[PDB]
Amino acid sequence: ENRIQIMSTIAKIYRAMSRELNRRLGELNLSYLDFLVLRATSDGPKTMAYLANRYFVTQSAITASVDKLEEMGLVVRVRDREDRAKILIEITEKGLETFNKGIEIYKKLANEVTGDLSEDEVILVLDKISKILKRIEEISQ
């Protein structure tokens, strides 16, 4: 029915978007996951546990992405002055510049895919699916 198809359509959109984002982000030497790590750290340092949980990936996947971004000079591991065991992933100036280029790629793609929708239609959809997100996040965890 309708409610089923809304969720299945969201899934198909995500898969297709993920494929294209990986392709376009590739020119920035990033994968979609790498870009998400930069997005997460762009507004403040994040624990690796947070990253894995928030974006639903394995801790090994986060370790791999962070190791990569670190070698690329986009993020750094920050340790507590009294306990270096406590780690936070902090974005670098270079990381922020790359993130900004990535967000622009995202912006352009988003405009393209929603091209059939007028500003108002975009508004209706956003407001409504925002409620779906709130519920599933309350349900799943």
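Residue positions are given as counts along the sequence shown, with the first one as 1.
If you average the CA temperature factors over each stretch, which comes out higher, 107-115 or 89-97?
The stretch with the larger mean CA B-factor is 107-115.
Can you let me know which of the two, 122-130 or 20-28, has the higher average C-alpha B-factor in the entry?
On average, C-alpha B-factors are higher across 122-130.
Highest Cα B-factor in the PDB entry belongs to which of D34, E70, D43, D80?
It is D80.
Which third, lowest, middle or highest, does the C-alpha temperature factor of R54 belong to within its own chain?
It falls in the middle third of the chain.
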